[PDB]
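Contents: one structure, followed by commentary.
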Amino acid sequence: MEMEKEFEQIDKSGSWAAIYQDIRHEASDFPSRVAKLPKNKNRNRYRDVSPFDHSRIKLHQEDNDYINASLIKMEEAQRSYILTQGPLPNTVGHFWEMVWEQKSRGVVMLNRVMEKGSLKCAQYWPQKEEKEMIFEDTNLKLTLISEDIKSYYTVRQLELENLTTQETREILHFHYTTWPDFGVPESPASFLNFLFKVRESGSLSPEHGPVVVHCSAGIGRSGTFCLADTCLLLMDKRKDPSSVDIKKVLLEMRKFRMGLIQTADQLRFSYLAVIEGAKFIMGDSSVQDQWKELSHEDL
(Lines of atoms letter the chains of each structure in order from A and count residues from 1; the text may use other names and numbers.)
(Lines give C-alpha, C1' and ligand atoms only; values in the text may rest on other atoms or scores of the structure.)
Protein backbone atom coordinates (compact mmCIF):
# COMPACT_ATOMS: atom_id res chain seq x y z
CA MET A 1 0.00 0.00 0.00
CA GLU A 2 1.38 3.38 -1.05
CA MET A 3 1.87 5.42 2.10
CA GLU A 4 0.24 8.43 0.46
CA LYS A 5 -2.99 6.43 0.28
CA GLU A 6 -2.61 5.04 3.78
CA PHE A 7 -2.08 8.69 4.75
CA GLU A 8 -5.38 9.77 3.20
CA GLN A 9 -7.26 6.84 4.75
CA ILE A 10 -5.92 7.74 8.20
CA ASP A 11 -6.44 11.47 7.74
CA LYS A 12 -9.98 11.14 6.38
CA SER A 13 -10.98 8.76 9.17
CA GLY A 14 -9.22 10.86 11.83
CA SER A 15 -7.36 7.84 13.21
CA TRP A 16 -3.84 9.22 13.85
CA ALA A 17 -4.26 8.89 17.62
CA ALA A 18 -5.42 5.29 17.17
CA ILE A 19 -2.51 4.30 14.91
CA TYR A 20 -0.08 5.95 17.33
CA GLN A 21 -1.50 4.09 20.33
CA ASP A 22 -1.15 0.81 18.46
CA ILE A 23 2.52 1.62 17.93
CA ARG A 24 3.00 2.27 21.63
CA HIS A 25 1.32 -1.04 22.50
CA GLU A 26 3.50 -3.02 20.08
CA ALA A 27 6.78 -1.30 20.92
CA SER A 28 9.68 -3.17 22.47
CA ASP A 29 10.40 -3.14 26.19
CA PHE A 30 13.94 -4.00 27.18
CA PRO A 31 15.70 -3.49 30.48
CA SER A 32 17.37 -0.18 31.35
CA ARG A 33 19.04 -1.18 34.59
CA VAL A 34 22.26 0.85 34.19
CA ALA A 35 20.23 4.07 33.67
CA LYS A 36 18.37 3.49 36.93
CA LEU A 37 21.39 2.90 39.16
CA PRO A 38 21.52 5.53 41.94
CA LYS A 39 24.98 6.70 40.91
CA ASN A 40 23.47 7.72 37.55
CA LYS A 41 20.46 9.65 38.76
CA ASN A 42 22.01 13.05 38.01
CA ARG A 43 23.01 11.98 34.47
CA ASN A 44 19.38 11.67 33.31
CA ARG A 45 17.33 14.70 32.40
CA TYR A 46 13.96 12.94 32.53
CA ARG A 47 12.95 10.15 34.89
CA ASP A 48 10.91 8.35 32.21
CA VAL A 49 13.43 8.47 29.33
CA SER A 50 16.24 5.97 29.61
CA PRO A 51 18.46 4.09 27.18
CA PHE A 52 18.06 0.30 27.03
CA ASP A 53 21.13 -1.54 28.33
CA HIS A 54 21.64 -3.44 25.13
CA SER A 55 22.01 -0.39 22.88
CA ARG A 56 23.41 2.27 25.24
CA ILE A 57 26.55 4.15 24.32
CA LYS A 58 29.33 3.49 26.79
CA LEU A 59 31.84 6.18 27.65
CA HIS A 60 35.44 4.88 27.45
CA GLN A 61 36.19 5.58 31.09
CA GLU A 62 36.49 3.30 34.10
CA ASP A 63 34.87 5.45 36.80
CA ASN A 64 31.40 5.58 35.23
CA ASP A 65 30.65 4.78 31.62
CA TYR A 66 27.05 5.96 31.62
CA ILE A 67 25.50 8.56 29.32
CA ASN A 68 21.85 8.77 28.33
CA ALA A 69 22.45 7.97 24.67
CA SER A 70 21.46 5.05 22.41
CA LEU A 71 22.87 3.60 19.20
CA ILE A 72 20.17 3.16 16.57
CA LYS A 73 21.54 0.69 13.99
CA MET A 74 19.42 0.37 10.84
CA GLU A 75 20.92 -2.68 9.14
CA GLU A 76 19.07 -2.63 5.84
CA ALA A 77 19.48 1.12 5.38
CA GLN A 78 23.11 0.89 6.44
CA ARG A 79 22.83 3.97 8.60
CA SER A 80 23.39 4.42 12.31
CA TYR A 81 22.46 7.28 14.61
CA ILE A 82 23.21 8.17 18.20
CA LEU A 83 20.14 9.67 19.88
CA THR A 84 20.78 11.44 23.17
CA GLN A 85 19.18 13.90 25.52
CA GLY A 86 20.07 17.59 25.68
CA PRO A 87 23.20 17.67 27.84
CA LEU A 88 22.88 18.73 31.47
CA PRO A 89 25.30 21.16 33.15
CA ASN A 90 27.14 18.21 34.64
CA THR A 91 27.13 16.06 31.49
CA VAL A 92 28.44 18.53 28.85
CA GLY A 93 31.87 17.04 29.23
CA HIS A 94 30.47 13.50 28.83
CA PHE A 95 28.62 14.60 25.70
CA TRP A 96 31.77 15.80 23.96
CA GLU A 97 33.68 12.74 25.18
CA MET A 98 31.09 10.60 23.40
CA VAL A 99 31.36 12.67 20.21
CA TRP A 100 35.12 12.18 20.28
CA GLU A 101 35.09 8.46 21.11
CA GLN A 102 32.39 7.60 18.55
CA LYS A 103 34.18 9.56 15.77
CA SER A 104 31.12 11.55 14.92
CA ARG A 105 31.37 14.37 12.38
CA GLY A 106 27.98 15.98 12.94
CA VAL A 107 25.74 16.99 15.85
CA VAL A 108 22.09 17.68 15.03
CA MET A 109 20.23 19.81 17.58
CA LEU A 110 16.48 20.11 17.14
CA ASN A 111 15.50 22.22 20.18
CA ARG A 112 16.22 25.64 21.62
CA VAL A 113 18.03 26.06 24.90
CA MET A 114 14.90 27.70 26.31
CA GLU A 115 11.43 26.54 25.30
CA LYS A 116 8.10 27.36 26.94
CA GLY A 117 9.98 29.52 29.45
CA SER A 118 12.09 26.69 30.87
CA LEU A 119 15.56 25.40 30.14
CA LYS A 120 15.66 22.37 27.88
CA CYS A 121 19.42 21.93 27.31
CA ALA A 122 22.70 23.30 28.65
CA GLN A 123 24.60 25.81 26.53
CA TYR A 124 27.13 23.20 25.50
CA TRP A 125 28.98 24.94 22.64
CA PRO A 126 30.73 28.35 22.51
CA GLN A 127 28.89 31.38 21.23
CA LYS A 128 31.97 33.50 20.43
CA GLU A 129 35.14 32.59 18.56
CA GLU A 130 37.37 34.22 21.21
CA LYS A 131 35.79 32.43 24.20
CA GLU A 132 36.54 28.74 23.78
CA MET A 133 35.27 26.06 26.19
CA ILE A 134 37.39 23.66 28.20
CA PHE A 135 35.79 20.55 29.70
CA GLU A 136 38.16 19.71 32.51
CA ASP A 137 36.59 16.40 33.51
CA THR A 138 37.08 14.89 30.03
CA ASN A 139 40.17 16.86 28.90
CA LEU A 140 38.61 18.38 25.77
CA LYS A 141 38.66 21.90 24.30
CA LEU A 142 35.96 23.29 22.01
CA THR A 143 36.29 26.40 19.81
CA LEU A 144 33.74 28.08 17.59
CA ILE A 145 35.35 28.48 14.14
CA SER A 146 32.48 29.92 12.11
CA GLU A 147 28.71 30.21 12.12
CA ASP A 148 26.28 30.38 9.17
CA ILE A 149 22.93 31.71 10.41
CA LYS A 150 19.80 31.19 8.35
CA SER A 151 16.27 32.16 9.25
CA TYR A 152 15.24 28.95 10.99
CA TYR A 153 18.48 26.95 11.30
CA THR A 154 22.16 27.63 11.93
CA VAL A 155 25.27 25.63 10.95
CA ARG A 156 28.33 25.97 13.09
CA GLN A 157 31.86 24.83 12.42
CA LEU A 158 33.53 23.72 15.64
CA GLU A 159 37.01 22.40 16.44
CA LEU A 160 37.22 19.70 19.12
CA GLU A 161 40.67 19.09 20.60
CA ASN A 162 41.67 16.15 22.72
CA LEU A 163 43.95 17.89 25.18
CA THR A 164 45.65 14.61 26.14
CA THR A 165 46.89 14.04 22.58
CA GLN A 166 46.58 17.45 20.88
CA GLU A 167 44.57 15.81 18.09
CA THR A 168 41.78 17.96 16.65
CA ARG A 169 38.69 17.35 14.58
CA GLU A 170 36.19 19.50 12.80
CA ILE A 171 32.67 19.00 14.14
CA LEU A 172 29.65 20.40 12.31
CA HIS A 173 26.76 21.58 14.46
CA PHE A 174 23.37 21.69 12.71
CA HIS A 175 20.84 23.58 14.80
CA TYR A 176 17.20 23.66 13.78
CA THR A 177 15.88 26.75 15.61
CA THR A 178 12.27 27.05 14.37
CA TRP A 179 10.48 23.90 15.48
CA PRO A 180 7.43 25.50 17.12
CA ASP A 181 6.94 25.38 20.91
CA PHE A 182 3.67 23.49 20.37
CA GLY A 183 2.77 21.06 17.63
CA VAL A 184 4.81 20.43 14.49
CA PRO A 185 5.77 22.61 11.52
CA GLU A 186 2.87 23.08 9.12
CA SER A 187 5.00 22.25 6.07
CA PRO A 188 7.93 19.82 5.89
CA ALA A 189 9.80 21.79 3.20
CA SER A 190 11.93 23.47 5.84
CA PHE A 191 12.50 20.19 7.63
CA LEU A 192 13.59 18.39 4.46
CA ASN A 193 15.79 21.25 3.32
CA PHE A 194 17.55 20.94 6.69
CA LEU A 195 17.82 17.15 6.47
CA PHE A 196 19.44 17.34 3.04
CA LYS A 197 21.86 19.99 4.31
CA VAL A 198 22.98 17.49 6.97
CA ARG A 199 23.29 14.79 4.33
CA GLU A 200 25.30 17.02 1.96
CA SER A 201 27.83 17.73 4.71
CA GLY A 202 28.93 14.09 4.91
CA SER A 203 27.81 13.85 8.55
CA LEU A 204 25.54 10.84 7.86
CA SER A 205 27.94 8.95 5.71
CA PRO A 206 29.61 5.63 6.49
CA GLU A 207 33.10 7.00 6.49
CA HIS A 208 32.30 8.83 9.75
CA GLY A 209 31.05 7.66 13.10
CA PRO A 210 27.31 7.95 13.76
CA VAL A 211 25.73 11.39 13.77
CA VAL A 212 24.63 12.57 17.22
CA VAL A 213 20.99 13.73 17.23
CA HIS A 214 19.25 15.35 20.18
CA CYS A 215 16.35 17.45 21.29
CA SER A 216 15.49 17.78 24.97
CA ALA A 217 14.74 14.12 25.73
CA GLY A 218 16.12 12.68 22.48
CA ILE A 219 13.02 10.77 21.44
CA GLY A 220 10.45 13.04 19.84
CA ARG A 221 11.82 15.55 17.36
CA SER A 222 14.97 13.41 17.27
CA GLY A 223 12.91 10.36 16.36
CA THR A 224 11.15 12.27 13.59
CA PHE A 225 14.51 13.22 12.05
CA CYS A 226 15.92 9.69 12.04
CA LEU A 227 12.66 8.10 10.88
CA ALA A 228 12.37 10.37 7.85
CA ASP A 229 16.03 9.92 6.91
CA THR A 230 15.93 6.12 7.12
CA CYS A 231 12.63 5.83 5.24
CA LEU A 232 13.96 7.99 2.39
CA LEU A 233 17.20 6.03 2.30
CA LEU A 234 15.32 2.72 2.06
CA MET A 235 13.16 4.06 -0.79
CA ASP A 236 16.38 5.16 -2.48
CA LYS A 237 18.08 1.77 -2.19
CA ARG A 238 15.00 0.01 -3.58
CA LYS A 239 13.68 2.84 -5.81
CA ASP A 240 10.29 1.55 -4.62
CA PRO A 241 8.24 3.90 -2.41
CA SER A 242 5.48 1.37 -1.80
CA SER A 243 7.79 -1.20 -0.24
CA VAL A 244 8.58 1.01 2.76
CA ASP A 245 6.26 0.79 5.74
CA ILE A 246 6.88 3.78 8.00
CA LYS A 247 5.16 2.11 10.96
CA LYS A 248 7.39 -0.93 10.69
CA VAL A 249 10.55 1.16 10.41
CA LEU A 250 9.50 3.09 13.52
CA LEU A 251 8.96 -0.12 15.51
CA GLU A 252 12.36 -1.35 14.41
CA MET A 253 13.95 1.89 15.64
CA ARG A 254 12.05 1.56 18.91
CA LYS A 255 13.97 -1.66 19.57
CA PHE A 256 16.99 0.60 20.16
CA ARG A 257 15.53 3.50 22.07
CA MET A 258 12.18 3.91 23.75
CA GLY A 259 9.51 6.40 22.94
CA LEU A 260 10.64 7.60 19.52
CA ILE A 261 7.94 9.88 18.10
CA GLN A 262 6.15 11.33 21.09
CA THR A 263 2.81 12.42 19.63
CA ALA A 264 0.34 11.45 16.94
CA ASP A 265 1.05 14.72 15.15
CA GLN A 266 4.77 13.91 14.99
CA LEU A 267 3.76 10.62 13.36
CA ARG A 268 1.55 12.40 10.82
CA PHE A 269 4.36 14.90 10.18
CA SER A 270 6.77 12.04 9.58
CA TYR A 271 4.51 10.62 6.88
CA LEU A 272 4.20 14.04 5.26
CA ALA A 273 7.96 14.53 5.21
CA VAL A 274 8.63 11.11 3.68
CA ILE A 275 5.89 11.54 1.08
CA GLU A 276 7.16 14.95 0.01
CA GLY A 277 10.79 13.82 0.20
CA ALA A 278 9.99 10.90 -2.11
CA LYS A 279 9.55 13.26 -5.07
CA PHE A 280 13.29 13.99 -4.92
CA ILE A 281 14.37 10.36 -4.35
CA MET A 282 12.45 9.19 -7.41
CA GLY A 283 14.30 11.66 -9.64
CA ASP A 284 12.69 15.11 -9.54
CA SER A 285 15.89 16.91 -8.66
CA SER A 286 14.31 20.37 -9.03
CA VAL A 287 12.15 19.75 -5.93
CA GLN A 288 15.22 20.42 -3.74
CA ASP A 289 15.41 23.98 -5.06
CA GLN A 290 11.69 24.45 -4.35
CA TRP A 291 12.19 23.38 -0.71
CA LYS A 292 14.93 25.96 -0.28
CA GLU A 293 12.69 28.67 -1.76
CA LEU A 294 9.61 27.64 0.25
CA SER A 295 11.70 27.35 3.43
CA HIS A 296 12.54 31.09 3.19
CA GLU A 297 15.93 30.25 4.68
CA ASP A 298 17.69 33.38 3.46
CA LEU A 299 17.82 36.64 5.43
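Just so you know, we're using the numbering used here here: the sequence shown kicks off at -18 and counts up by one. C-beta atoms are modelled at their ideal positions from N, C-alpha and C, and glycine is treated no differently.
### Query
Contact check, residue 106 vs residue 64 under 8 Å by CB: the rounded distance?
The count along the sequence shown starts at 1 and reaches residue 106 at position 125. The count along the sequence shown starts at 1 and reaches residue 64 at position 83. The pair is not a contact, with the Cβ atoms about 18 Å apart (cut-off 8 Å).
### Query
On the three-state DSSP scale, how would you describe residue 155?
In the sequence shown, counting from the first residue as 1, residue 155 sits at position 174. In this structure, residue 155 counts as strand in the three-state DSSP scheme.
### Where the beta strand (DSSP E) containing residue 79 begins and where it ends
On the sequence shown, residue 79 is found 98 positions in, with the first residue counted as 1. That residue, residue 79, is in no beta strand (DSSP E); its alpha helix (DSSP H) goes 73 to 83.
### Query
Is it the case that the Cβ atoms of residue 166 and residue 172 are separated by a distance below 8 Å?
Taking the sequence shown and counting its residues from 1, one reaches residue 166 at position 185. Taking the sequence shown and counting its residues from 1, one reaches residue 172 at position 191. Their beta carbons are under 8 Å apart, which means residue 166 touches residue 172 by this criterion.
### Task
State the DSSP-derived secondary structure class of residue 150, mapped to helix, strand or coil.
Along the sequence shown, one-based indexing puts residue 150 at 169. In this structure, residue 150 counts as strand in the three-state DSSP scheme.
### Query
Opposite residue 95 in the DSSP bridges: which residues?
Position 114 of the sequence shown, counting from 1, holds the residue named residue 95. Note: residue 95 sits in a beta bridge opposite 100.
### Query
Exposed or buried, what is residue 25 when buried is set at 16 or more other beta-carbons lying within 10 Å of its beta-carbon?
Taking the first residue of the sequence shown as 1, we reach residue 25 at position 44. Residue 25 is buried by the Cβ-count criterion.
### Task
Compare the Cα-Cα distances from residue 111 to each of 102, 142, 125 and 118 and report the closest residue.
Within the sequence shown, numbered from 1, the residue matching residue 111 stands at position 130. Of the listed residues, the one whose Cα sits closest to residue 111 is 125.
### Query
If you draw a straight line from the C-alpha of residue 237 to the C-alpha of residue 129, how long is it?
Taking the first residue of the sequence shown as position 1, residue 237 is located at position 256. Taking the first residue of the sequence shown as position 1, residue 129 is located at position 148. Cα to Cα, the separation comes out at about 33 Å.
### Query
Roughly how many angstroms lie between the CA atoms of residue 275 and residue 89, to the nearest whole one?
Here residue 275 corresponds to residue number 294 of the sequence shown, with the count starting at 1. Here residue 89 corresponds to residue number 108 of the sequence shown, with the count starting at 1. Each residue's alpha carbon lies about 22 Å from the other.
#### Entry: Cutoff 7 Å; reference residue 46; Cβ partners in own chain excluding five residues on either side
Mapped onto the sequence shown, residue 46 falls at position 65. The residues are 39 and 40.
### Query
Is the segment 85 to 103 in contact with the segment 51 to 70, if contact means three or more CB pairs nearer than 8 Å?
yes
### Message
Measuring only the C-alpha atoms, how far is residue 58 from residue 261?
### Response
As a first step, residue 58 is located in the sequence shown; it is residue number 77 there, counting from the start. As a first step, residue 261 is located in the sequence shown; it is residue number 280 there, counting from the start. Each residue's alpha carbon lies about 18 Å from the other.
### Message
Judging by CA-CA distance, which residue of 109, 119 and 156 is the nearest neighbour of residue 132?
### Response
Residue numbering aside, residue 132 sits at position 151 when the sequence shown is read from its first letter. When only C-alpha atoms are compared, the closest one is 156.
### Message
Between which two residues does the alpha helix (DSSP H) holding residue 40 run?
### Response
By 1-based counting over the sequence shown, the position of residue 40 is 59. Note, residue 40: premise wrong, no alpha helix (DSSP H); not H, not E.
#### Entry: residue -18 in three-state terms, based on DSSP
Position 1 of the sequence shown, counted from the start, is the residue given in the question as residue -18. It is coil, neither helix nor strand.
### Query
Fully enclosed by the segment 181 to 249, which alpha helix (DSSP H) runs are 4 residues long or longer?
202 to 219 and 227 to 234
### Task
Compare the Cα-Cα distances from residue 120 to each of 99, 149 and -5 and report the closest residue.
Within the sequence shown, numbered from 1, the residue matching residue 120 stands at position 139. When only C-alpha atoms are compared, the closest one is 149.
### Task
Verify whether the separation of the beta carbon atoms of residue 135 and residue 93 is less than 8 Å.
As a working mapping, residue 135 is identified with position 154 in the sequence shown. As a working mapping, residue 93 is identified with position 112 in the sequence shown. In this structure, residue 93 does not lie closer than 8 Å to residue 135 by Cβ.
### Message
Can you tell me whether residue 2 is buried or exposed? The criterion is at least 16 other CB atoms within 10 Å of its CB, across all chains shown.
### Response
Position 21 of the sequence shown, counting from 1, holds the residue named residue 2. Exposed is the call here.
### First and last residue of the uninterrupted beta strand (DSSP E) at residue 47
The residue labelled residue 47 in the question sits at position 66 within the sequence shown. 47 to 55 is the span of the beta strand (DSSP E), which, as asked, contains residue 47.
### Task
Could you say which of 50, -3, 86 and 55 lies nearest to residue 76 if we only look at CA atoms?
In the sequence shown, counting from the first residue as 1, residue 76 sits at position 95. Answer by Cα proximity: 50.
### Message
So, for residue 21: in the same chain, excluding its five sequence neighbours on each side, which residues have a beta-carbon less than 8 Å away from its beta-carbon?
### Response
In the sequence shown, counting from the first residue as 1, residue 21 sits at position 40. Excluding residues within five positions, the ones whose Cβ falls inside 8 Å are 15, 45 and 47.
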